[PDB]
Amino acid sequence: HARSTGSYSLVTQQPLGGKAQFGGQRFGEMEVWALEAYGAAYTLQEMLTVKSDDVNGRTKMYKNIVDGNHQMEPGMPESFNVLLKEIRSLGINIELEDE
Amino acid sequence: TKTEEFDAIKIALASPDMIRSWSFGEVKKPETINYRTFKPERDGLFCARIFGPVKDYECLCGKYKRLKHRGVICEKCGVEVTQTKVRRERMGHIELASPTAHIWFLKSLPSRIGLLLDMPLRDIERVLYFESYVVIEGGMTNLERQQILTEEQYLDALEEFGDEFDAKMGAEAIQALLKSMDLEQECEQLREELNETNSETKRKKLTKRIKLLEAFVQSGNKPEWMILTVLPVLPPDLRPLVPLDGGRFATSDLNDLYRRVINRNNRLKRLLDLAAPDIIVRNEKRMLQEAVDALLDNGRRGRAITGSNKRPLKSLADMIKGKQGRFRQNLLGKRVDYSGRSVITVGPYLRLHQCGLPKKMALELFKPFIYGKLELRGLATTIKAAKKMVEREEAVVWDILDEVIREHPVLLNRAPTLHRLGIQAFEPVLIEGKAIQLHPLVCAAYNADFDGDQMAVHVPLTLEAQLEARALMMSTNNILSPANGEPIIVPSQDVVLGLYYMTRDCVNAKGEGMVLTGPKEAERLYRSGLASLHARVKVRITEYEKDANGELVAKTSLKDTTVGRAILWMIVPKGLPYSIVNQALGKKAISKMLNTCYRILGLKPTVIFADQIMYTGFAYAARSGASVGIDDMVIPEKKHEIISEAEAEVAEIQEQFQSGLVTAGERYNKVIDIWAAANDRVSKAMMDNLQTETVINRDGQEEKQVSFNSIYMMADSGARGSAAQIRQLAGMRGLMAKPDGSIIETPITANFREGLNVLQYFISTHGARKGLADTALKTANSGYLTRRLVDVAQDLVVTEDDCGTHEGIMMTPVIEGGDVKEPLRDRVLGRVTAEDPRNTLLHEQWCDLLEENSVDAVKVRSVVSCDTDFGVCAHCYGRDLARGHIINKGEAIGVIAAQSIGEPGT
Amino acid sequence: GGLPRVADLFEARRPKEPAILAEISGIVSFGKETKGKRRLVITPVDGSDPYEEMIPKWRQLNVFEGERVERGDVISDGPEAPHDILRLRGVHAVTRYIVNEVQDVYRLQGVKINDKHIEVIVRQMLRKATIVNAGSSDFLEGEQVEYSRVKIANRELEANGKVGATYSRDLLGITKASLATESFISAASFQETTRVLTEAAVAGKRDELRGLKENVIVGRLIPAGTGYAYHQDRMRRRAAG
Amino acid sequence: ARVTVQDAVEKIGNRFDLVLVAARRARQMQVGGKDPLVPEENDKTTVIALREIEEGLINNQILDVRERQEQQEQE
RNA sequence: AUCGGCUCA
DNA sequence: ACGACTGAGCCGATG
Ligand SMILES: [Mg+2]
Ligand SMILES: [Zn+2]
Ligand SMILES: [Zn+2]
């Protein structure tokens, strides 16, 4: 099995197993342990954004490896935007403070 | 506020006007969709006039299309024409005609209402569930406050004095109760109250009330919002409305709850200002508020609802917990792209850094690497035109692939990742098939084996990702282990037997009395076919030692070694003495070469040298014509005697059973020691009647030579075959236990060269079907143990430049009466000192120089004793054992610590 | 037990039949008797004259009718308990008790784990001290040991609030010192989320994104390894201002 | 640098600032051309950043002092 | 997508 | 009184 691009499940903007392609491989927390142990700062940044979630930056990074730039340019994954919207509607105030 | 560079987060309660702000329009009607055509109804749970349209910059009705009208506030369909993704963020609400007791502030013990009002939990239900009243204000009816009264009586309270006396009913009672209970009041009534009648564990709740009140108004909350005055609703995209395959509708439990709730809130509104029969009503403030203590959190009161199959309905609550929410969906349950999967295979031609990637795989990964370095080279005019040349399987495609894989490494993963070596980087090259290939040494570093296994295969993108995958994660840093001071990547299994077969000593083979003119003449005298790998002979060697500074030292000498031994001296990288290889090298003493090669020289030639052993290991492994014959399953000569003399030693104690020199109960164990005596009476007529078995002599006639037996050699080399296994195979199987533990009357006599008795199999059944049923929860419990342990010591990092005090903890060698394992040289290693240098490292080269003084009494500045803000000071710790140097400001101490208990937790 | 031996040790719960370490040093003698007991007396000469304790009913003792007992003696046999030695001696042999039980399990199987690895966690266990005197907030309570030095090294000098706060010692093994993360982010990834996210609401708790688990979730860079020197430049601008 | 980077690690000092001294240098030689100094042995901009450390060159002291040079040439 | 079923590391 | 492994495969069935 393999993966590099395709489609994503509506809610959690992440891959789904079925037609077009198989299941895209999973990245666990016991797996992240290894990334936490090595100096895997930049790698762990791409994982959670430009490989799975990020709606405006995962695909807007796409043409920086094509264009021959090789760069990040991330922002914010939606799984949090879910978690935020769940807590506001669970019954709480919670938000982002700035500089 | 505009720029989104977030720095900090705060949490707080849910005010009415606040939740209203997040909301854009009330979820007034409780509708989903018009079962005719799939359009989210007018005022329903789904609707664009609230949440935005069902497409990009479009509407429902159909005047405004494509893009133009950016934020055109329409009406006939009702859409502020924005991109629909608003349906992932915008909210609505449901204004309750009856206040609804929120649950998370109530039935989460010990009640955030209970010790905020000085009260239990059973109580608050009674008035809110609907049986009794409660008092509020201090006036004139002699009922004070927070009193409890079941309906009947209340008649004589507003029929005695009256006027100044408040007492309503419902959740509503708890609402208006929290309104007027002044908090400049309640607070300063317990700081001169803990003065004498304190007690020692009656004051365990009196200190649970001082915290909760003090931290409340100073944050800017105030407790009115405890009970929900108004209900928030989710965005439409998140709760997914999706009609799957067969004209059929797919939605999770969210919706089934949100509805009914409103079906009562509309029965409610049409029966608040439409005649209020207040006993026909208690049917409503009940059932409505009984469904929000089901929405928010289903399973709390008492397994209230079910689906359509007698199994519980999931809730807003269990969208975080249940190991499967949006908390274990940001780390654990996290799918990743630019990767693949396949089964693992050997690769005995590879040099360490080299993986064997399935060409197929590489290609379907590196697609957006190739597209762009094709357009740049001038072979394509668009991305899509290249989308045909790729799929066509055009030749030039694979050309670019070879120069892309050139200088672009890979991540290679095996689950379970118990520690950190479970992932490493290996610079791949191309090799076609469906299968992935790998090294057989890192076999041990990974939790790995070639038998039915699988590896996922990521790709690090950014320049950084690549280089830090090379700098750290790469296999080349990981020869030494994190947990301890031993290299994990060692000559496993086969590579071993080659060297034993090679180096193994002798006195007669093919000719002798030779000399050779260097290491080169040796190789001639083998592969041609003029000698064997044996024959003890004096050999010319040009060993280069290291000078004090280095390195004008070129020694010459002529020493005794065998044909075998000396061949490998070729691959021993110049800078090394000789006495290391001078012997019959088992994996044990082969791992020496590495460890000695690592610290005398460095990292850059240990990798080359060692990988080049591996080849040279397998080389003579195969050549040997080695095998597993039923001949070399030799039985001890007089086995049928040792069982037989001890079998009639059973028939002598049973002449004494019912009588009396030994009693009836203790029988079970008197012979068990003489049974267990024979256990290893025979294992030493086996490692003595197969240990040095030769006796066919070329040189005149003599006896002593190491065995020609294939199996034993594995137990002498350290290939595979423990000194307990060997027994069971062609010796004695011996003693087994019960499901309980008590050993059987007759342990096994036979083995696997000869045939077993049915009983004898049928018994062992237990022994191994217990010891493997353990493994059903062995990989389960270690993972529960590891995680738990990591989560306490993970929020932690390296910090200061130095922590400075003369302090620590004792180290004085272990002596359990008379038995030692690790004394001074390999325990106190690496410990940072504080007396005399003081405050310098005790290297691998140092407790040699602190063994020669007859060294005693030690105290060392370590991790517990760390006068260091939040972290580990580094200069008061030890060493990063995943390296041959001092610890560095960065490597997070905590993760590693718990990690190193999972690894050997297996 | 067998395998969860390892678990129990870091877990912190008292075992089966512990001992009785003579808590204070002095002229330690017994007094009175019922069935097979003797009420102990330990009165220090200094200020704290009061002190009395008793024992269960099958312990045989190694201090008879007045011998030189110090801060306890190896009195009655069995596997000792965790909590008291931490209260009594200090934090010097209490850690070596955590090591000289766990290890031999591996030394029969055949594994080494250079001992200082147990400390990293044991420090993350031994933390969460309890302070003696009334200083800035309450007698007992839960506050970090090195926070009590944001207190003890802090209070005894500047300002005008003179009340020193010398420390005392508790053990909270994994599932107990784990609970007390004042950082709702990492807190809710391994405990019952309910009990924190509600006490999150009450007091107005924050999480200023210092952690490792913490930084990860939000889609940010870790403060460790290569991401160390990055989070040296962003956390330093909270004070430069 | 394909086999083992042990020489270029201890030059700058550690393995973490072999990243942000080489990431910054792997960035500079990928965008606006920039000079290839030690023979571009086919290779790519990945190795090059590190390869300049293996022959007595690129360091953090040479990337924050020479960025002032491209702020003295555009006036 | 929740649950149920069953294999291999 | 509480606490429940780490990967992905294949099939099945109803909000
Ligand atoms: Mg296997
Ligand atoms: Zn319209
Ligand atoms: Zn220290």
# chains A, B, ... in the order shown; residues from 1 in each chain; ligands from 1

$ residues_around --residues "residue B:123" --least-positions-apart "6" --cutoff "12 Å" --atoms "only C-alpha atoms (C1' of nucleotides)" --output "PyMOL selection string"
chain B and resi 106-107+111+113-114+117+129-134+146-149+171+174

$ residues_around --residues "residue C:234" --least-positions-apart "4" --cutoff "12 Å" --atoms "only C-alpha atoms (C1' of nucleotides)" --output "list in words"
residues 99 of chain A; 5, 6 and 7 of chain B; 209, 210, 220, 221, 222, 223, 227, 228, 229, 230, 238, 239 and 240 of chain C

$ residues_around --residues "stretch 123-126 of chain C" --least-positions-apart "6" --cutoff "9 Å" --atoms "only C-alpha atoms (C1' of nucleotides)" --output "list in words"
residues 792, 793, 796, 863, 864, 865, 866 and 894 of chain B; 10, 91, 95, 145, 169, 170, 171, 172, 173, 174, 176, 177 and 178 of chain C

$ interface_residues --of "chain E" --to "chain B" --cutoff "12 Å" --atoms "only C-alpha atoms (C1' of nucleotides)" --output "PyMOL selection string"
chain E and resi 1-4+8-9

$ residues_around --residues "residue C:175" --least-positions-apart "5" --cutoff "10 Å" --atoms "only C-alpha atoms (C1' of nucleotides)" --output "list in words"
residues 788, 789, 791 and 792 of chain B; 10, 11, 12, 125, 180 and 191 of chain C

$ write_last_selection --atoms "N, CA, C and O atoms" --output "PDB file, in the first residue's frame"
ATOM      1  N   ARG B 788       1.505   5.511  30.700  1.00  0.00           N
ATOM      2  CA  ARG B 788       1.293   6.030  32.046  1.00  0.00           C
ATOM      3  C   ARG B 788       2.564   6.713  32.555  1.00  0.00           C
ATOM      4  O   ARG B 788       2.527   7.859  32.997  1.00  0.00           O
ATOM      5  N   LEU B 789       3.685   5.998  32.460  1.00  0.00           N
ATOM      6  CA  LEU B 789       4.981   6.476  32.956  1.00  0.00           C
ATOM      7  C   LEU B 789       5.519   7.673  32.176  1.00  0.00           C
ATOM      8  O   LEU B 789       6.114   8.576  32.765  1.00  0.00           O
ATOM      9  N   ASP B 791       3.705   9.914  30.628  1.00  0.00           N
ATOM     10  CA  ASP B 791       2.835  11.076  30.815  1.00  0.00           C
ATOM     11  C   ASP B 791       3.128  11.898  32.089  1.00  0.00           C
ATOM     12  O   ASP B 791       2.798  13.085  32.136  1.00  0.00           O
ATOM     13  N   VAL B 792       3.763  11.290  33.098  1.00  0.00           N
ATOM     14  CA  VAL B 792       4.210  12.045  34.286  1.00  0.00           C
ATOM     15  C   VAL B 792       5.524  12.782  34.010  1.00  0.00           C
ATOM     16  O   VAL B 792       5.650  13.965  34.329  1.00  0.00           O
TER      17      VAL B 792
ATOM     18  N   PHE C  10       6.474   2.255  41.480  1.00  0.00           N
ATOM     19  CA  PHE C  10       6.315   3.644  41.048  1.00  0.00           C
ATOM     20  C   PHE C  10       4.912   4.165  41.371  1.00  0.00           C
ATOM     21  O   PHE C  10       4.705   5.366  41.450  1.00  0.00           O
ATOM     22  N   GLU C  11       3.959   3.253  41.548  1.00  0.00           N
ATOM     23  CA  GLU C  11       2.550   3.608  41.775  1.00  0.00           C
ATOM     24  C   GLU C  11       2.274   4.318  43.098  1.00  0.00           C
ATOM     25  O   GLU C  11       1.427   5.208  43.160  1.00  0.00           O
ATOM     26  N   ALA C  12       2.956   3.890  44.154  1.00  0.00           N
ATOM     27  CA  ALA C  12       2.705   4.379  45.511  1.00  0.00           C
ATOM     28  C   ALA C  12       1.364   3.908  46.086  1.00  0.00           C
ATOM     29  O   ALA C  12       0.326   4.549  45.910  1.00  0.00           O
ATOM     30  N   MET C 125       8.163  12.132  40.482  1.00  0.00           N
ATOM     31  CA  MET C 125       7.309  11.553  41.529  1.00  0.00           C
ATOM     32  C   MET C 125       7.480  12.299  42.856  1.00  0.00           C
ATOM     33  O   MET C 125       6.498  12.751  43.448  1.00  0.00           O
ATOM     34  N   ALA C 180      -1.853  16.206  39.041  1.00  0.00           N
ATOM     35  CA  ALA C 180      -1.589  17.608  39.380  1.00  0.00           C
ATOM     36  C   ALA C 180      -0.745  18.349  38.339  1.00  0.00           C
ATOM     37  O   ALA C 180       0.268  18.963  38.677  1.00  0.00           O
ATOM     38  N   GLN C 191      -6.076  11.575  31.674  1.00  0.00           N
ATOM     39  CA  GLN C 191      -6.929  11.415  32.854  1.00  0.00           C
ATOM     40  C   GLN C 191      -8.390  11.550  32.435  1.00  0.00           C
ATOM     41  O   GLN C 191      -8.683  11.784  31.258  1.00  0.00           O
TER      42      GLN C 191
END

$ closest_atom_pairs --of "chain D" --to "chain A" --cutoff "8 Å" --atoms "only C-alpha atoms" --output "JSON lines"
{"residue": "D:16", "atom": "CA", "partner": "A:39", "partner_atom": "CA", "distance": 6.7}
{"residue": "D:30", "atom": "CA", "partner": "A:69", "partner_atom": "CA", "distance": 7.0}
{"residue": "D:31", "atom": "CA", "partner": "A:69", "partner_atom": "CA", "distance": 6.7}

$ write_last_selection --atoms "N, CA, C and O atoms" --output "PDB file, in the first residue's frame"
ATOM      1  N   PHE D  16      22.033  19.703  16.706  1.00  0.00           N
ATOM      2  CA  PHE D  16      20.830  20.531  16.525  1.00  0.00           C
ATOM      3  C   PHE D  16      21.123  21.827  15.772  1.00  0.00           C
ATOM      4  O   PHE D  16      20.282  22.305  15.008  1.00  0.00           O
ATOM      5  N   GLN D  30      19.287  27.440  -2.554  1.00  0.00           N
ATOM      6  CA  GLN D  30      18.154  26.865  -3.280  1.00  0.00           C
ATOM      7  C   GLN D  30      17.308  27.931  -3.983  1.00  0.00           C
ATOM      8  O   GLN D  30      16.735  27.666  -5.041  1.00  0.00           O
ATOM      9  N   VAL D  31      17.236  29.129  -3.400  1.00  0.00           N
ATOM     10  CA  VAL D  31      16.368  30.198  -3.907  1.00  0.00           C
ATOM     11  C   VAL D  31      17.045  31.024  -5.012  1.00  0.00           C
ATOM     12  O   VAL D  31      16.835  30.757  -6.197  1.00  0.00           O
TER      13      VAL D  31
END

$ residues_around --residues "residue D:46" --least-positions-apart "2" --cutoff "9 Å" --atoms "only C-alpha atoms (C1' of nucleotides)" --output "NGL selection string"
(:B and (407-408 or 463-464 or 466-467)) or (:D and (22-23 or 26 or 43-44 or 48-50))

$ interface_residues --of "chain F" --to "chain A" --cutoff "10 Å" --atoms "only C-alpha atoms (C1' of nucleotides)" --output "PyMOL selection string"
chain F and resi 6-8

$ residues_near_ligand --ligand "ligand 2" --cutoff "7 Å" --atoms "only C-alpha atoms (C1' of nucleotides) and all ligand atoms" --output "list in words"
residues 59, 60, 61, 62, 63, 64, 74, 75, 76, 77, 78 and 79 of chain B

$ write_last_selection --atoms "N, CA, C and O atoms" --output "short mmCIF file (atom, residue, chain, number, x, y, z; two decimals), in the first residue's frame"
data_model
loop_
_atom_site.label_atom_id
_atom_site.label_comp_id
_atom_site.auth_asym_id
_atom_site.auth_seq_id
_atom_site.Cartn_x
_atom_site.Cartn_y
_atom_site.Cartn_z
N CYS B 59 -26.20 30.40 -3.33
CA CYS B 59 -27.31 30.41 -2.37
C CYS B 59 -28.07 29.08 -2.40
O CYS B 59 -27.55 28.06 -2.85
N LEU B 60 -29.30 29.11 -1.89
CA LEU B 60 -30.22 27.98 -1.95
C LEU B 60 -31.12 28.09 -3.17
O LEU B 60 -31.34 27.12 -3.89
N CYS B 61 -31.62 29.30 -3.40
CA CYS B 61 -32.69 29.56 -4.35
C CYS B 61 -32.17 29.64 -5.78
O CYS B 61 -32.64 28.91 -6.66
N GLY B 62 -31.20 30.53 -6.02
CA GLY B 62 -30.35 30.42 -7.21
C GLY B 62 -30.25 31.64 -8.10
O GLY B 62 -30.45 31.54 -9.32
N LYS B 63 -29.93 32.80 -7.52
CA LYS B 63 -29.63 34.01 -8.29
C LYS B 63 -28.14 34.34 -8.29
O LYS B 63 -27.59 34.78 -9.31
N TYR B 64 -27.49 34.14 -7.15
CA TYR B 64 -26.09 34.54 -6.95
C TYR B 64 -25.19 33.31 -7.11
O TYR B 64 -25.38 32.31 -6.41
N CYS B 74 -27.81 38.51 0.79
CA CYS B 74 -29.05 38.17 0.09
C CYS B 74 -30.22 38.03 1.07
O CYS B 74 -30.13 38.48 2.22
N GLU B 75 -31.32 37.42 0.63
CA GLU B 75 -32.56 37.37 1.42
C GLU B 75 -33.57 36.30 0.98
O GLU B 75 -34.02 35.50 1.81
N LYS B 76 -33.93 36.27 -0.31
CA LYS B 76 -34.97 35.38 -0.81
C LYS B 76 -34.62 33.93 -0.48
O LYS B 76 -35.49 33.16 -0.06
N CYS B 77 -33.36 33.58 -0.68
CA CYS B 77 -32.82 32.33 -0.13
C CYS B 77 -32.20 32.60 1.26
O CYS B 77 -32.29 31.77 2.16
N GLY B 78 -31.59 33.78 1.42
CA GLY B 78 -31.22 34.30 2.75
C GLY B 78 -29.75 34.23 3.12
O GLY B 78 -29.41 34.20 4.30
N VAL B 79 -28.88 34.24 2.12
CA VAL B 79 -27.48 33.90 2.32
C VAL B 79 -26.55 35.10 2.21
O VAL B 79 -26.47 35.74 1.17
#

$ closest_residue --among "B:248, B:321, B:353, B:285" --to "residue F:14" --atoms "only C-alpha atoms (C1' of nucleotides)"
B:248

$ interface_residues --of "chain C" --to "chain A" --cutoff "12 Å" --atoms "only C-alpha atoms" --output "number ranges by chain"
C: 184-185, 189-190, 194, 197-202, 204-209, 211-213, 215-231, 234-235, 237-238, 241

$ write_last_selection --atoms "C-alpha atoms" --output "PDB file, in the first residue's frame"
ATOM      1  CA  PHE C 184      -5.393  21.659  31.088  1.00  0.00           C
ATOM      2  CA  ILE C 185      -3.924  20.811  27.675  1.00  0.00           C
ATOM      3  CA  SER C 189      -4.804  13.597  27.281  1.00  0.00           C
ATOM      4  CA  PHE C 190      -4.506  10.845  29.926  1.00  0.00           C
ATOM      5  CA  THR C 194     -14.241  15.775  33.207  1.00  0.00           C
ATOM      6  CA  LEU C 197     -12.125  20.744  32.349  1.00  0.00           C
ATOM      7  CA  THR C 198     -14.783  21.642  34.950  1.00  0.00           C
ATOM      8  CA  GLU C 199     -12.238  22.924  37.510  1.00  0.00           C
ATOM      9  CA  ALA C 200     -10.871  24.671  34.409  1.00  0.00           C
ATOM     10  CA  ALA C 201     -14.093  26.705  34.251  1.00  0.00           C
ATOM     11  CA  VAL C 202     -14.408  27.478  37.983  1.00  0.00           C
ATOM     12  CA  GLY C 204     -10.340  30.686  35.164  1.00  0.00           C
ATOM     13  CA  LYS C 205      -7.302  28.471  34.489  1.00  0.00           C
ATOM     14  CA  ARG C 206      -4.827  29.144  31.664  1.00  0.00           C
ATOM     15  CA  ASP C 207      -2.215  27.179  29.747  1.00  0.00           C
ATOM     16  CA  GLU C 208       0.654  29.363  28.520  1.00  0.00           C
ATOM     17  CA  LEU C 209       1.993  26.712  26.098  1.00  0.00           C
ATOM     18  CA  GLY C 211       4.891  22.042  27.691  1.00  0.00           C
ATOM     19  CA  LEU C 212       5.828  19.238  25.279  1.00  0.00           C
ATOM     20  CA  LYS C 213       2.483  17.472  25.046  1.00  0.00           C
ATOM     21  CA  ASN C 215       2.974  22.614  22.145  1.00  0.00           C
ATOM     22  CA  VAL C 216       2.327  19.469  20.043  1.00  0.00           C
ATOM     23  CA  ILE C 217      -1.499  19.582  19.973  1.00  0.00           C
ATOM     24  CA  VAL C 218      -1.815  23.184  18.833  1.00  0.00           C
ATOM     25  CA  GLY C 219       0.312  22.601  15.716  1.00  0.00           C
ATOM     26  CA  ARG C 220       3.415  24.337  17.053  1.00  0.00           C
ATOM     27  CA  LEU C 221       7.103  23.515  17.472  1.00  0.00           C
ATOM     28  CA  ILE C 222       8.383  21.507  20.430  1.00  0.00           C
ATOM     29  CA  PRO C 223      10.608  23.234  23.052  1.00  0.00           C
ATOM     30  CA  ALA C 224      13.197  20.398  22.848  1.00  0.00           C
ATOM     31  CA  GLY C 225      15.940  19.131  20.528  1.00  0.00           C
ATOM     32  CA  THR C 226      16.252  21.319  17.423  1.00  0.00           C
ATOM     33  CA  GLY C 227      13.153  23.255  18.517  1.00  0.00           C
ATOM     34  CA  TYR C 228      14.979  24.194  21.728  1.00  0.00           C
ATOM     35  CA  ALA C 229      16.739  27.325  20.398  1.00  0.00           C
ATOM     36  CA  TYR C 230      13.503  28.444  18.666  1.00  0.00           C
ATOM     37  CA  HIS C 231      11.608  28.429  21.979  1.00  0.00           C
ATOM     38  CA  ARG C 234       9.863  33.311  21.647  1.00  0.00           C
ATOM     39  CA  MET C 235       9.560  32.721  25.427  1.00  0.00           C
ATOM     40  CA  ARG C 237       9.866  38.146  24.557  1.00  0.00           C
ATOM     41  CA  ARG C 238       7.303  37.616  27.361  1.00  0.00           C
ATOM     42  CA  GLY C 241       8.113  44.126  27.316  1.00  0.00           C
TER      43      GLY C 241
END

$ select_by_dssp --residues "stretch 5-54 of chain D" --states "helix (DSSP H, G or I)" --output "NGL selection string"
:D and (9-12 or 23-28 or 45-51)

$ residues_near_ligand --ligand "ligand 3" --cutoff "6 Å" --atoms "only C-alpha atoms (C1' of nucleotides) and all ligand atoms" --output "VMD selection string"
chain B and resid 803 861 to 863 865 to 867 873 876 to 877

$ atom_distance --atom1 "atom CA of residue B:502" --atom2 "atom CA of residue B:615"
13.6 Å

$ interface_residues --of "chain A" --to "chain E" --cutoff "12 Å" --atoms "only C-alpha atoms (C1' of nucleotides)" --output "NGL selection string"
:A and (9-12 or 16-17)

$ write_last_selection --atoms "N, CA and C atoms" --output "short mmCIF file (atom, residue, chain, number, x, y, z; two decimals), in the first residue's frame"
data_model
loop_
_atom_site.label_atom_id
_atom_site.label_comp_id
_atom_site.auth_asym_id
_atom_site.auth_seq_id
_atom_site.Cartn_x
_atom_site.Cartn_y
_atom_site.Cartn_z
N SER A 9 -11.61 13.01 4.54
CA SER A 9 -12.94 12.89 5.15
C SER A 9 -13.44 14.26 5.62
N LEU A 10 -14.70 14.56 5.30
CA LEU A 10 -15.27 15.91 5.46
C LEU A 10 -14.88 16.60 6.77
N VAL A 11 -15.24 15.99 7.89
CA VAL A 11 -15.08 16.61 9.21
C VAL A 11 -13.59 16.77 9.60
N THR A 12 -12.97 15.76 10.22
CA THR A 12 -11.52 15.78 10.46
C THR A 12 -10.84 15.68 9.11
N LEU A 16 -9.26 8.82 4.27
CA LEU A 16 -10.26 7.78 4.54
C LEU A 16 -9.97 6.54 3.69
N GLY A 17 -10.19 5.35 4.26
CA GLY A 17 -9.99 4.10 3.53
C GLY A 17 -11.21 3.73 2.70
#

$ atom_distance --atom1 "atom CA of residue C:48" --atom2 "atom CA of residue C:75"
24.1 Å

$ select_by_dssp --residues "stretch 25-241 of chain C" --states "strand (DSSP E or B)" --output "JSON, numbers by chain"
{"C": [29, 30, 31, 39, 40, 41, 52, 53, 70, 72, 129, 130, 131, 143, 167, 168, 206, 207]}

$ decode --residues "stretch 12-22 of chain A" --atoms "N, CA, C and O atoms" --output "PDB file, in the first residue's frame"
ATOM      1  N   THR A  12     -12.969  15.764  10.216  1.00  0.00           N
ATOM      2  CA  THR A  12     -11.520  15.777  10.458  1.00  0.00           C
ATOM      3  C   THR A  12     -10.835  15.682   9.109  1.00  0.00           C
ATOM      4  O   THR A  12     -10.819  14.610   8.504  1.00  0.00           O
ATOM      5  N   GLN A  13     -10.285  16.793   8.628  1.00  0.00           N
ATOM      6  CA  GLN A  13      -9.659  16.817   7.303  1.00  0.00           C
ATOM      7  C   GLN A  13      -8.463  15.861   7.245  1.00  0.00           C
ATOM      8  O   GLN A  13      -7.309  16.274   7.300  1.00  0.00           O
ATOM      9  N   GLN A  14      -8.770  14.569   7.133  1.00  0.00           N
ATOM     10  CA  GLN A  14      -7.764  13.508   7.108  1.00  0.00           C
ATOM     11  C   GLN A  14      -8.196  12.409   6.135  1.00  0.00           C
ATOM     12  O   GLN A  14      -9.377  12.310   5.801  1.00  0.00           O
ATOM     13  N   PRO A  15      -7.243  11.575   5.686  1.00  0.00           N
ATOM     14  CA  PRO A  15      -7.550  10.494   4.741  1.00  0.00           C
ATOM     15  C   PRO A  15      -8.614   9.493   5.220  1.00  0.00           C
ATOM     16  O   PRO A  15      -8.831   9.348   6.423  1.00  0.00           O
ATOM     17  N   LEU A  16      -9.263   8.822   4.266  1.00  0.00           N
ATOM     18  CA  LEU A  16     -10.264   7.776   4.544  1.00  0.00           C
ATOM     19  C   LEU A  16      -9.974   6.539   3.692  1.00  0.00           C
ATOM     20  O   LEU A  16      -9.568   6.664   2.537  1.00  0.00           O
ATOM     21  N   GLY A  17     -10.192   5.353   4.260  1.00  0.00           N
ATOM     22  CA  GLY A  17      -9.990   4.098   3.531  1.00  0.00           C
ATOM     23  C   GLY A  17     -11.206   3.725   2.702  1.00  0.00           C
ATOM     24  O   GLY A  17     -12.336   3.810   3.185  1.00  0.00           O
ATOM     25  N   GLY A  18     -10.983   3.310   1.455  1.00  0.00           N
ATOM     26  CA  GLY A  18     -12.088   2.954   0.559  1.00  0.00           C
ATOM     27  C   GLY A  18     -11.716   2.962  -0.913  1.00  0.00           C
ATOM     28  O   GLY A  18     -10.779   2.268  -1.322  1.00  0.00           O
ATOM     29  N   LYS A  19     -12.462   3.737  -1.705  1.00  0.00           N
ATOM     30  CA  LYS A  19     -12.243   3.851  -3.154  1.00  0.00           C
ATOM     31  C   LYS A  19     -11.093   4.816  -3.457  1.00  0.00           C
ATOM     32  O   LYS A  19     -10.600   5.497  -2.557  1.00  0.00           O
ATOM     33  N   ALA A  20     -10.671   4.859  -4.724  1.00  0.00           N
ATOM     34  CA  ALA A  20      -9.540   5.690  -5.188  1.00  0.00           C
ATOM     35  C   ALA A  20      -8.181   5.224  -4.646  1.00  0.00           C
ATOM     36  O   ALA A  20      -7.258   4.960  -5.422  1.00  0.00           O
ATOM     37  N   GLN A  21      -8.061   5.139  -3.321  1.00  0.00           N
ATOM     38  CA  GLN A  21      -6.849   4.629  -2.669  1.00  0.00           C
ATOM     39  C   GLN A  21      -7.176   3.843  -1.397  1.00  0.00           C
ATOM     40  O   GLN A  21      -8.319   3.839  -0.929  1.00  0.00           O
ATOM     41  N   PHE A  22      -6.156   3.191  -0.842  1.00  0.00           N
ATOM     42  CA  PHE A  22      -6.317   2.366   0.355  1.00  0.00           C
ATOM     43  C   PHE A  22      -6.362   3.283   1.576  1.00  0.00           C
ATOM     44  O   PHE A  22      -6.728   4.452   1.465  1.00  0.00           O
TER      45      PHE A  22
END
